[PDB]
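Take a look at the structure set out below.
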RNA sequence: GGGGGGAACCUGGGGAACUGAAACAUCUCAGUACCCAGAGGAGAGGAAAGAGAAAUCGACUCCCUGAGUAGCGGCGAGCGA
RNA sequence: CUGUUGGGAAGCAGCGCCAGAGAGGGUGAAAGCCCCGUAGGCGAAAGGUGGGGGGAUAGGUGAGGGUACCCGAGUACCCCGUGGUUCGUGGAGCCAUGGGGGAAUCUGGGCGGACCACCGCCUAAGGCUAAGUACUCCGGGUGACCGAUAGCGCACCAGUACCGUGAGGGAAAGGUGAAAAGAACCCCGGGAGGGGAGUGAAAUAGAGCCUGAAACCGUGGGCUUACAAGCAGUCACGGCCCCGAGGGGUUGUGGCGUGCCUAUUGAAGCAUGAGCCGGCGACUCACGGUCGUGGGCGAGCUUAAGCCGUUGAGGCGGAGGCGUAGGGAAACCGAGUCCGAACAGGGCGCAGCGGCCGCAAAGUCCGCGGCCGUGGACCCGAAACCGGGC
RNA sequence: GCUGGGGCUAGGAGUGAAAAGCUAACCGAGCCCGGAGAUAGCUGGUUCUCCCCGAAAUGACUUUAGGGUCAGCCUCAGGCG
RNA sequence: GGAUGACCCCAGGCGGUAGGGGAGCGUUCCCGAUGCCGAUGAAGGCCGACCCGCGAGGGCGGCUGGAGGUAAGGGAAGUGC
RNA sequence: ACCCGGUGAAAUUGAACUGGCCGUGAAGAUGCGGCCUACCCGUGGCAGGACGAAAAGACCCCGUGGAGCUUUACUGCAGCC
Ligand SMILES: [Mg+2]
Ligand SMILES: [Mg+2]
Ligand SMILES: [Mg+2]
Ligand SMILES: [Mg+2]
Ligand SMILES: [Mg+2]
Ligand SMILES: [Mg+2]
Ligand SMILES: [Mg+2]
Ligand SMILES: [Mg+2]
Ligand SMILES: [Mg+2]
Ligand SMILES: [Mg+2]
Ligand SMILES: [Mg+2]
Ligand SMILES: [Mg+2]
Ligand SMILES: [Mg+2]
Ligand SMILES: [Mg+2]
Ligand SMILES: [Mg+2]
Ligand SMILES: [Mg+2]
Ligand SMILES: [Mg+2]
Ligand SMILES: [Mg+2]
Ligand SMILES: [Mg+2]
Ligand SMILES: [Mg+2]
Ligand SMILES: [Mg+2]
Ligand SMILES: [Mg+2]
Ligand SMILES: [Mg+2]
Ligand SMILES: [Mg+2]
Ligand SMILES: [Mg+2]
Ligand SMILES: [Mg+2]
Ligand SMILES: [Mg+2]
Ligand SMILES: [Mg+2]
Ligand SMILES: [Mg+2]
Ligand SMILES: [Mg+2]
Ligand SMILES: [Mg+2]
Ligand SMILES: [Mg+2]
Ligand SMILES: [Mg+2]
Ligand SMILES: [Mg+2]
Ligand SMILES: [Mg+2]
Ligand SMILES: [Mg+2]
Ligand SMILES: [Mg+2]
Ligand SMILES: [Mg+2]
Ligand SMILES: [Mg+2]
Ligand SMILES: [Mg+2]
Ligand SMILES: [Mg+2]
Ligand SMILES: [Mg+2]
Ligand SMILES: [Mg+2]
Ligand SMILES: [Mg+2]
Ligand SMILES: [Mg+2]
Ligand SMILES: [Mg+2]
Ligand SMILES: [Mg+2]
Ligand SMILES: [Mg+2]
Ligand SMILES: [Mg+2]
Ligand SMILES: [Mg+2]
Ligand SMILES: [Mg+2]
Ligand SMILES: [Mg+2]
Ligand SMILES: [Mg+2]
Ligand SMILES: [Mg+2]
Ligand SMILES: [Mg+2]
Ligand SMILES: [Mg+2]
Ligand SMILES: [Mg+2]
Ligand SMILES: [Mg+2]
Ligand SMILES: [Mg+2]
Ligand SMILES: [Mg+2]
Ligand SMILES: [Mg+2]
Ligand SMILES: [Mg+2]
Ligand SMILES: [Mg+2]
Ligand SMILES: [Mg+2]
Ligand SMILES: [Mg+2]
Ligand SMILES: [Mg+2]
Ligand SMILES: [Mg+2]
Ligand SMILES: [Mg+2]
Ligand SMILES: [Mg+2]
Ligand SMILES: [Mg+2]
Ligand SMILES: [Mg+2]
Ligand SMILES: [Mg+2]
Ligand SMILES: [Mg+2]
Ligand SMILES: [Mg+2]
Ligand SMILES: [Mg+2]
Ligand SMILES: [Mg+2]
Ligand SMILES: [Mg+2]
Ligand SMILES: [Mg+2]
Ligand SMILES: [Mg+2]
Ligand SMILES: [Mg+2]
Ligand SMILES: [Mg+2]
Ligand SMILES: [Mg+2]
Ligand SMILES: [Mg+2]
Ligand SMILES: [Mg+2]
Ligand SMILES: [Mg+2]
Ligand SMILES: [Mg+2]
Ligand SMILES: [Mg+2]
Ligand SMILES: [Mg+2]
Ligand SMILES: [Mg+2]
Ligand SMILES: [Mg+2]
Ligand SMILES: [Mg+2]
Ligand SMILES: [Mg+2]
Ligand SMILES: [Mg+2]
Ligand SMILES: [Mg+2]
Ligand SMILES: [Mg+2]
Ligand SMILES: [Mg+2]
Ligand SMILES: [Mg+2]
Ligand SMILES: [Mg+2]
Ligand SMILES: [Mg+2]
Ligand SMILES: [Mg+2]
Ligand SMILES: [Mg+2]
Ligand SMILES: [Mg+2]
Ligand SMILES: [Mg+2]
Ligand SMILES: [Mg+2]
Ligand SMILES: [Mg+2]
Ligand SMILES: [Mg+2]
Ligand SMILES: [Mg+2]
Ligand SMILES: [Mg+2]
Ligand SMILES: [Mg+2]
Ligand SMILES: [Mg+2]
Ligand SMILES: [Mg+2]
Ligand SMILES: [Mg+2]
Ligand SMILES: [Mg+2]
Ligand SMILES: [Mg+2]
Ligand SMILES: [Mg+2]
Ligand SMILES: [Mg+2]
Ligand SMILES: [Mg+2]
Ligand SMILES: [Mg+2]
Ligand SMILES: [Mg+2]
Ligand SMILES: [Mg+2]
Ligand SMILES: [Mg+2]
Ligand SMILES: [Mg+2]
Ligand SMILES: [Mg+2]
Ligand SMILES: [Mg+2]
Ligand SMILES: [Mg+2]
Ligand SMILES: [Mg+2]
Ligand SMILES: [Mg+2]
Ligand SMILES: [Mg+2]
Ligand SMILES: [Mg+2]
Ligand SMILES: [Mg+2]
Ligand SMILES: [Mg+2]
Ligand SMILES: [Mg+2]
Ligand SMILES: [Mg+2]
Ligand SMILES: [Mg+2]
Ligand SMILES: [Mg+2]
Ligand SMILES: [Mg+2]
Ligand SMILES: [Mg+2]
Ligand SMILES: [Mg+2]
Ligand SMILES: [Mg+2]
Ligand SMILES: [Mg+2]
Ligand SMILES: [Mg+2]
Ligand SMILES: [Mg+2]
Ligand SMILES: [Mg+2]
Ligand SMILES: [Mg+2]
Ligand SMILES: [Mg+2]
Ligand SMILES: [Mg+2]
Ligand SMILES: [Mg+2]
Ligand SMILES: [Mg+2]
Ligand SMILES: [Mg+2]
Ligand SMILES: [Mg+2]
Ligand SMILES: [Mg+2]
Ligand SMILES: [Mg+2]
Ligand SMILES: [Mg+2]
Ligand SMILES: [Mg+2]
Ligand SMILES: [Mg+2]
Ligand SMILES: [Mg+2]
Ligand SMILES: [Mg+2]
Ligand SMILES: [Mg+2]
Ligand SMILES: [Mg+2]
Ligand SMILES: [Mg+2]
Ligand SMILES: [Mg+2]
Ligand SMILES: [Mg+2]
Ligand SMILES: [Mg+2]
Ligand SMILES: [Mg+2]
Ligand SMILES: [Mg+2]
Ligand SMILES: [Mg+2]
Ligand SMILES: [Mg+2]
Ligand SMILES: [Mg+2]
Ligand SMILES: [Mg+2]
Ligand SMILES: [Mg+2]
Ligand SMILES: [Mg+2]
Ligand SMILES: [Mg+2]
Ligand SMILES: [Mg+2]
Ligand SMILES: [Mg+2]
Ligand SMILES: [Mg+2]
Ligand SMILES: [Mg+2]
Ligand SMILES: [Mg+2]
Ligand SMILES: [Mg+2]
Ligand SMILES: [Mg+2]
Ligand SMILES: [Mg+2]
Ligand SMILES: [Mg+2]
Ligand SMILES: [Mg+2]
Ligand SMILES: [Mg+2]
Ligand SMILES: [Mg+2]
Ligand SMILES: [Mg+2]
Ligand SMILES: [Mg+2]
Ligand SMILES: [Mg+2]
Ligand SMILES: [Mg+2]
Ligand SMILES: [Mg+2]
Ligand SMILES: [Mg+2]
Ligand SMILES: [Mg+2]
Ligand SMILES: [Mg+2]
Ligand SMILES: [Mg+2]
Ligand SMILES: [Mg+2]
Ligand SMILES: [Mg+2]
Ligand SMILES: [Mg+2]
Ligand SMILES: [Mg+2]
Ligand SMILES: [Mg+2]
Ligand SMILES: [Mg+2]
Ligand SMILES: [Mg+2]
Ligand SMILES: [Mg+2]
Ligand SMILES: [Mg+2]
Ligand SMILES: [Mg+2]
Ligand SMILES: [Mg+2]
Ligand SMILES: [Mg+2]
Ligand SMILES: [Mg+2]
Ligand SMILES: [Mg+2]
Ligand SMILES: [Mg+2]
Ligand SMILES: [Mg+2]
Ligand SMILES: [Mg+2]
Ligand SMILES: [Mg+2]
Ligand SMILES: [Mg+2]
Ligand SMILES: [Mg+2]
Ligand SMILES: [Mg+2]
Ligand SMILES: [Mg+2]
Ligand SMILES: [Mg+2]
Ligand SMILES: [Mg+2]
Ligand SMILES: [Mg+2]
Ligand SMILES: [Mg+2]
Ligand SMILES: [Mg+2]
Ligand SMILES: [Mg+2]
Ligand SMILES: [Mg+2]
Ligand SMILES: [Mg+2]
Ligand SMILES: [Mg+2]
Ligand SMILES: [Mg+2]
Ligand SMILES: [Mg+2]
Ligand SMILES: [Mg+2]
Ligand SMILES: [Mg+2]
Ligand SMILES: [Mg+2]
Ligand SMILES: [Mg+2]
Ligand SMILES: [Mg+2]
Ligand SMILES: [Mg+2]
Ligand SMILES: [Mg+2]
Ligand SMILES: [Mg+2]
Ligand SMILES: [Mg+2]
Ligand SMILES: [Mg+2]
Ligand SMILES: [Mg+2]
Ligand SMILES: [Mg+2]
Ligand SMILES: [Mg+2]
Ligand SMILES: [Mg+2]
Ligand SMILES: [Mg+2]
Ligand SMILES: [Mg+2]
Ligand SMILES: [Mg+2]
Ligand SMILES: [Mg+2]
Ligand SMILES: [Mg+2]
Ligand SMILES: [Mg+2]
Ligand SMILES: [Mg+2]
Ligand SMILES: [Mg+2]
Ligand SMILES: [Mg+2]
Ligand SMILES: [Mg+2]
Ligand SMILES: [Mg+2]
Ligand SMILES: [Mg+2]
Ligand SMILES: [Mg+2]
Ligand SMILES: [Mg+2]
Ligand SMILES: [Mg+2]
Ligand SMILES: [Zn+2]
């Protein structure tokens, strides 16, 4: 049978134009009152995954 | 349905193969089951017999061996040559075996 | 040339790797699997693309993002595929979505929107949308933009 | 391409021959054998005969050294198998259509 | 007229567990295995109180594609038009 | 058809012949022409079938105006509890319905994902309906399917023998020879068995029968061994025996020397497995994916089901899939986009080789290979769990 | 009290002057066939030849500790020099 | 050096478990094959102190055996205990 | 039980050309070292060794293995209100 897309990956992550893997930064889902504005602001950006853990995730999205 | 026999008791046949190749003889018996014939004076074997009321003193008797039917060919009672057999429909309209060299009946 | 002269090129048909076939093969006994452990077993390990030995996975510690949508699912709206001016240089006269369907430039059931990479060529091109730069370039180059809905 | 090259190979070899018609061959094998001789086919070389004329195919078919084809049946394994290619003009036309 | 039989195939009435979730309970296996009732050379379905956006199509069945898409999901494992 | 070899011609030789037939099986060996067949044709009084061809029959058929009679009831509908759908209570519609309440007949009623309005679609609560689809007890055809431990559990008198109270379990076992010509008869023996004779091309083809490997047991022959300390060998030398400046066999003495496998930090190990021999026995296949590779085409590449043709002949089929553009949760914009008040700053994106030709290449298609995913997924092994029966 | 014949009660069920005793020579849950090739991070086994290279037994995290993910160390192909 | 596996000369490397890579041997089957080897003896079996190959093996010869076997080059696996 | 005639098993078994001591060795050696002792082969006997045989330790730990039992463990169900 043809493979199935891992949906929890599809909902968290994106394969960029060159095949990098990008995600929202972790750590401001909550507990934010005592964090700086610098913490919050930076954590609002996307980041790029380390080569190994990124290569694993692309395999779970084989029809993107 | 039934075994095909191009030869029957007792038309005359040439043995065209084996140790008796070229001999001519009458078809003594046809054994469709084994697909073999018995040709008079051909394929003689020596069989031993026990001393009995049939054969007291005993010793041996001579017997004709069965020959594979393919090894035998009917001779045309018209032209006198060994031939393959054809069939022909008459007016009856029964069918008969006929010589392929000339149109002879083979019965 | 005859049948016995038919050959694959060198490299075209390669032999398979056969394990578990004697000492001298270099693949004997354990069949390149090492000693013991889950991996050596028939059935092997859990999907290494995801599983990490029981700790929360890399993937599952990242936050989800954006609209995923609800039943009854996708909302049917008109879709736009862009095609560049440079892609249009091959044609003469008039170009319309169906033409660029045939030439295998635009995918079916998609609305044409002309974009600006390349040059403009004095064509009468008919689309559902143009980019600002494609509009200028094409008007400037003696072409004739034609708008559909 | 395979179909083109297969024929092209036999041409470069001087082994390709196109024929206009098949004389008096009207279904009897001995007729083909006659015609064969007139065209250089003794049967020291195996031939792939390609024609749409059934009666020619039926004549030539039982031969050990002849393989027979209708032109839509032209295929490269059959081309390579045989030492000589023999095609009706009618056939050569349809072979032309399939390669262009 | 009925009864009973028939290798699989079919419909309907009932309907598990191991297992998977590297524990487990929702979930999975799966409406599967199996039990029962009925059909028949097939069975089911079938001439719109339909589709769902085409200002459109036009009974049903079956294959390909749509598509592992849309979605569903301790949004886990997975399930999946 | 003749010759020749041979037990046997179909082998070899010589001279022919058929072919819409040179598929294949047989015949004493290897046969187009000996046999059975094959190509191409022919055939049913009777029974079955008959979707095709013909014919009958049932059944089918107008337009305005008026009337407001009828248009499927414990039904629609609403609420409670559930099931079905991709939908697990979710904004939860739809279809179905166990309980409760309970209509209307076209100015009627259901649906278009809560609901409302607007705009459309459709006609619930009666029934039937070929074909296209599924299966293989049965018959036939064909195999880069097995060949007696294989192939069905069964090639053989097998669901048997045998095991079990029963449900149920469930084997082993094929081959003389071309032809029985299956060995008259005599001899030893109670018989079995054998020795002669005989048959046969062959009898270590004799029925306890093709081939007849190995473990294993025996007879005969060479070499060798009863003061010798051994993972059994090896290296050296010498003696004896065989074959004919060399080899082979044997081994007296001397030197050296801790089985194999598995598992382990480490085994000769007093750690595992193995009596020995023979045969069976473990990394595969399908579909996806990812790298590499051999080729076809290249801003393009490619078809799936199907249809036509073949009967080991290929073609058609462009639906669809991948690629050609990205950024953004999205609206949206687009070689840019997102964040932002920003023309700031950032994230993620954007740009061949030679003389128009060649050459290469994005990409894509197919073959091959490594590895991954889903399947039992390298083979064997649980204790258990569940269903129906006994 | 013992005993013949004829009967009834059985699998989470019977029966038990109670021993988890007995339910067809192994009962803390019978036997048979099926789901089934259950699952086994465990043990055993894994079959021809030659040539080149050639480890690890660490760190992080882990209901993890004799199993894994990534890193470390090995190997092949392409590129750099 | 010759010019690209033609061979020659010179120099260096070549212990090895897990494991990576490379090159080969053989078994069954298909194309080659309406061919070719085969009763003046197929396969298989028993020998050999002979030949070729590093090796897996491949030849050759004698005996057994009595009807099959299958090349160069390629294809495919129920392929080596 | 022994001897003679008759019939004739078994578990086990890597192969065996299977001595003592002091040592050594994965820590208790017929098999390694040094020494000592020892002609070849049986029969009836005895049980100290071959970590003798038999039973993939029944104790212990380990496995995110199972099963029976408990309860103010969790979550359900029958039953009852
Ligand atoms: Mg966050
Ligand atoms: Mg949180
Ligand atoms: Mg937030
Ligand atoms: Mg929030
Ligand atoms: Mg602070
Ligand atoms: Mg601050
Ligand atoms: Mg703050
Ligand atoms: Mg902010
Ligand atoms: Mg896609
Ligand atoms: Mg894409
Ligand atoms: Mg007849
Ligand atoms: Mg003859
Ligand atoms: Mg004669
Ligand atoms: Mg009659
Ligand atoms: Mg291959
Ligand atoms: Mg290799
Ligand atoms: Mg193996
Ligand atoms: Mg090997
Ligand atoms: Mg290797
Ligand atoms: Mg190795
Ligand atoms: Mg292993
Ligand atoms: Mg490996
Ligand atoms: Mg591996
Ligand atoms: Mg292992
Ligand atoms: Mg290890
Ligand atoms: Mg192992
Ligand atoms: Mg280990
Ligand atoms: Mg491992
Ligand atoms: Mg282990
Ligand atoms: Mg295992
Ligand atoms: Mg398994
Ligand atoms: Mg496993
Ligand atoms: Mg944890
Ligand atoms: Mg989406
Ligand atoms: Mg819907
Ligand atoms: Mg103009
Ligand atoms: Mg030929
Ligand atoms: Mg031919
Ligand atoms: Mg009934
Ligand atoms: Mg019935
Ligand atoms: Mg049902
Ligand atoms: Mg019912
Ligand atoms: Mg049900
Ligand atoms: Mg139940
Ligand atoms: Mg469960
Ligand atoms: Mg399972
Ligand atoms: Mg799983
Ligand atoms: Mg589990
Ligand atoms: Mg688990
Ligand atoms: Mg548990
Ligand atoms: Mg469970
Ligand atoms: Mg499962
Ligand atoms: Mg279900
Ligand atoms: Mg059912
Ligand atoms: Mg079933
Ligand atoms: Mg019935
Ligand atoms: Mg049908
Ligand atoms: Mg019906
Ligand atoms: Mg109707
Ligand atoms: Mg699509
Ligand atoms: Mg999720
Ligand atoms: Mg389901
Ligand atoms: Mg003679
Ligand atoms: Mg002759
Ligand atoms: Mg001749
Ligand atoms: Mg033919
Ligand atoms: Mg033939
Ligand atoms: Mg034949
Ligand atoms: Mg014979
Ligand atoms: Mg011949
Ligand atoms: Mg032959
Ligand atoms: Mg023949
Ligand atoms: Mg016919
Ligand atoms: Mg016929
Ligand atoms: Mg009217
Ligand atoms: Mg009314
Ligand atoms: Mg109605
Ligand atoms: Mg009613
Ligand atoms: Mg409603
Ligand atoms: Mg409801
Ligand atoms: Mg539900
Ligand atoms: Mg929800
Ligand atoms: Mg719903
Ligand atoms: Mg509504
Ligand atoms: Mg309702
Ligand atoms: Mg109701
Ligand atoms: Mg109303
Ligand atoms: Mg209305
Ligand atoms: Mg309704
Ligand atoms: Mg609707
Ligand atoms: Mg709506
Ligand atoms: Mg509607
Ligand atoms: Mg019906
Ligand atoms: Mg019809
Ligand atoms: Mg029907
Ligand atoms: Mg039908
Ligand atoms: Mg059949
Ligand atoms: Mg065979
Ligand atoms: Mg057998
Ligand atoms: Mg058998
Ligand atoms: Mg045999
Ligand atoms: Mg049978
Ligand atoms: Mg029997
Ligand atoms: Mg019993
Ligand atoms: Mg019995
Ligand atoms: Mg049983
Ligand atoms: Mg048997
Ligand atoms: Mg025989
Ligand atoms: Mg016989
Ligand atoms: Mg006598
Ligand atoms: Mg006597
Ligand atoms: Mg006797
Ligand atoms: Mg005697
Ligand atoms: Mg005798
Ligand atoms: Mg004689
Ligand atoms: Mg002879
Ligand atoms: Mg012999
Ligand atoms: Mg013999
Ligand atoms: Mg015997
Ligand atoms: Mg024989
Ligand atoms: Mg014998
Ligand atoms: Mg014997
Ligand atoms: Mg022997
Ligand atoms: Mg002796
Ligand atoms: Mg002394
Ligand atoms: Mg001495
Ligand atoms: Mg010593
Ligand atoms: Mg010396
Ligand atoms: Mg010597
Ligand atoms: Mg010597
Ligand atoms: Mg020595
Ligand atoms: Mg040493
Ligand atoms: Mg030793
Ligand atoms: Mg040592
Ligand atoms: Mg060994
Ligand atoms: Mg081993
Ligand atoms: Mg072992
Ligand atoms: Mg161990
Ligand atoms: Mg140990
Ligand atoms: Mg240890
Ligand atoms: Mg030892
Ligand atoms: Mg020992
Ligand atoms: Mg032990
Ligand atoms: Mg041991
Ligand atoms: Mg152990
Ligand atoms: Mg044993
Ligand atoms: Mg032995
Ligand atoms: Mg063995
Ligand atoms: Mg593999
Ligand atoms: Mg590829
Ligand atoms: Mg191409
Ligand atoms: Mg796709
Ligand atoms: Mg920017
Ligand atoms: Mg940039
Ligand atoms: Mg190219
Ligand atoms: Mg390419
Ligand atoms: Mg691949
Ligand atoms: Mg590998
Ligand atoms: Mg991989
Ligand atoms: Mg499976
Ligand atoms: Mg498997
Ligand atoms: Mg696998
Ligand atoms: Mg098992
Ligand atoms: Mg049990
Ligand atoms: Mg339980
Ligand atoms: Mg239970
Ligand atoms: Mg049960
Ligand atoms: Mg039961
Ligand atoms: Mg009484
Ligand atoms: Mg009584
Ligand atoms: Mg009684
Ligand atoms: Mg009683
Ligand atoms: Mg009772
Ligand atoms: Mg009872
Ligand atoms: Mg009862
Ligand atoms: Mg019962
Ligand atoms: Mg029970
Ligand atoms: Mg209980
Ligand atoms: Mg239970
Ligand atoms: Mg109870
Ligand atoms: Mg009592
Ligand atoms: Mg019992
Ligand atoms: Mg008992
Ligand atoms: Mg239990
Ligand atoms: Mg019992
Ligand atoms: Mg059953
Ligand atoms: Mg299952
Ligand atoms: Mg399994
Ligand atoms: Mg388990
Ligand atoms: Mg376990
Ligand atoms: Mg090295
Ligand atoms: Mg460590
Ligand atoms: Mg960590
Ligand atoms: Mg922790
Ligand atoms: Mg560890
Ligand atoms: Mg473990
Ligand atoms: Mg790693
Ligand atoms: Mg390094
Ligand atoms: Mg690497
Ligand atoms: Mg390199
Ligand atoms: Mg050197
Ligand atoms: Mg080197
Ligand atoms: Mg080495
Ligand atoms: Mg290499
Ligand atoms: Mg082999
Ligand atoms: Mg090979
Ligand atoms: Mg075959
Ligand atoms: Mg052939
Ligand atoms: Mg042949
Ligand atoms: Mg010859
Ligand atoms: Mg002979
Ligand atoms: Mg001979
Ligand atoms: Mg052979
Ligand atoms: Mg063979
Ligand atoms: Mg040899
Ligand atoms: Mg031989
Ligand atoms: Mg033959
Ligand atoms: Mg071959
Ligand atoms: Mg070959
Ligand atoms: Mg080929
Ligand atoms: Mg195998
Ligand atoms: Mg005495
Ligand atoms: Mg005695
Ligand atoms: Mg020894
Ligand atoms: Mg001794
Ligand atoms: Mg010590
Ligand atoms: Mg001690
Ligand atoms: Mg020891
Ligand atoms: Mg000691
Ligand atoms: Mg000693
Ligand atoms: Mg020693
Ligand atoms: Mg030493
Ligand atoms: Mg000693
Ligand atoms: Mg001493
Ligand atoms: Mg004694
Ligand atoms: Mg003792
Ligand atoms: Mg004792
Ligand atoms: Mg004693
Ligand atoms: Mg002792
Ligand atoms: Mg000892
Ligand atoms: Mg002891
Ligand atoms: Mg022991
Ligand atoms: Mg005992
Ligand atoms: Mg015991
Ligand atoms: Mg065990
Ligand atoms: Mg144990
Ligand atoms: Mg035990
Ligand atoms: Mg234990
Ligand atoms: Mg312990
Ligand atoms: Mg425990
Ligand atoms: Mg736990
Ligand atoms: Mg654990
Ligand atoms: Mg447990
Ligand atoms: Mg339990
Ligand atoms: Mg009560
Ligand atoms: Zn005549």
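Note: ideal-geometry Cβ built from the backbone for every residue, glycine included; neighbour counts use all protein chains shown. Any read-out appearing in this document is the output of simple, stated calculations on the displayed coordinates, not a laboratory observation.
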Point to revise | Percent of alpha-carbon pairs separated by more than 15 Å within chain A | key: 57 percent
Exercise for review: Could you let me know the centre-to-centre spacing of region A:28-64 and region C:1-65, using Cα atoms, in angstrom?
Suggested key: 32 Å
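Provide, as a two-decimal number, the C-alpha radius of gyration of the protein assembly as shown over 2.2 N^0.38 Å, N being how many residues it has.
Numbers: Rg = 43.8 Å, N = 420, 2.2 N^0.38 = 21.8 Å.
It is 2.00.
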**Study point:** Sorted by Cβ density within 10 Å, fewest first, the residues D:19, C:95
**Key:** D:19, C:95
Point to revise | Column: log10 I(q)/I(0), Debye, Cα scatterers of region C:44-106, q = 0.24, 0.26 Å⁻¹ | key: -1.04, -1.12
Practice item. Take the Cα atoms of region C:2-80, build their convex hull, and give its volume per residue in Å³. Key: 366 Å³
Check your understanding: Exposure proxy check: C:61, C:55, D:84 ranked by fewest other beta carbons within 10 Å?
Key -> C:55, C:61, D:84
Exercise for review: Return the single residue from B:25, B:41, B:80 with maximal mean-square fluctuation; model: Gaussian network over chain B, springs between Cα atoms under 10 Å.
Suggested key: B:80
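Mind checking Rg over Rh on region D:29-83, alpha carbons, Kirkwood formula for Rh?
Here Rg/Rh amounts to 0.94.
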Point to revise | Spherically averaged projected area of chain C from its Cα convex hull (nm²) | key: 21.5 nm²
Check your understanding: Using Cα atoms only, what is the angle between the long axis of helix D:29-38 and the major principal axis of chain D, expressed in degrees (0 to 90) to the nearest 10?
Key -> 70 degrees
Exercise for review: Would you compute the Debye intensity of chain D from its alpha-carbon atoms alone, equal scatterers and no solvent, and pass along log10 I(q)/I(0) at q = 0.20, 0.23 Å⁻¹ to two decimals?
Suggested key: -0.96, -1.28
Exercise for review: May I ask you to derive the relative contact order of region D:1-73, considering only C-alpha pairs under 8 Å and at least 6 residues apart, and to give it as an integer percent?
Suggested key: 28 percent
**Study point:** Relative contact order [Cα under 8 Å, 6+ residues apart], region B:1-99, whole percent
**Key:** 23 percent
Study note, to complete from the structure: Expected sort for C:125, C:71 with the fewest Cβ neighbours (10 Å cutoff) up front is C:71, C:125
Exercise for review: Could you work out, residue by residue across C:55-66, how many beta carbons of other chains sit within 10 Å of that residue's beta carbon, and then give the average as an integer?
Suggested key: 6
Check your understanding: Roughly how crowded by other chains is peptide A:4-13, in terms of the mean Cβ count from those chains within 10 Å of each of its Cβ atoms?
Key -> 4
Point to revise | Bins of 5 Å from zero: percent of alpha-carbon pairs in region C:84-149 | key: 4, 20, 34, 28, 12, 2
Check your understanding: What is the Cα radius of gyration of region B:15-107 over 2.2 N^0.38 Å, N being its residue count?
Key -> 1.44
Point to revise | Within 10 Å of each Cβ in D:36-45, the average number of Cβ atoms from other chains | key: 0
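Please report the antiparallel percentage of DSSP beta bridges with both residues in the protein assembly as shown, rounded to the nearest 5. Spell out each step's value before the answer.
On the way: 31 of 56 bridges.
In the protein assembly as shown, approximately 55 percent of DSSP beta bridges are antiparallel ones.
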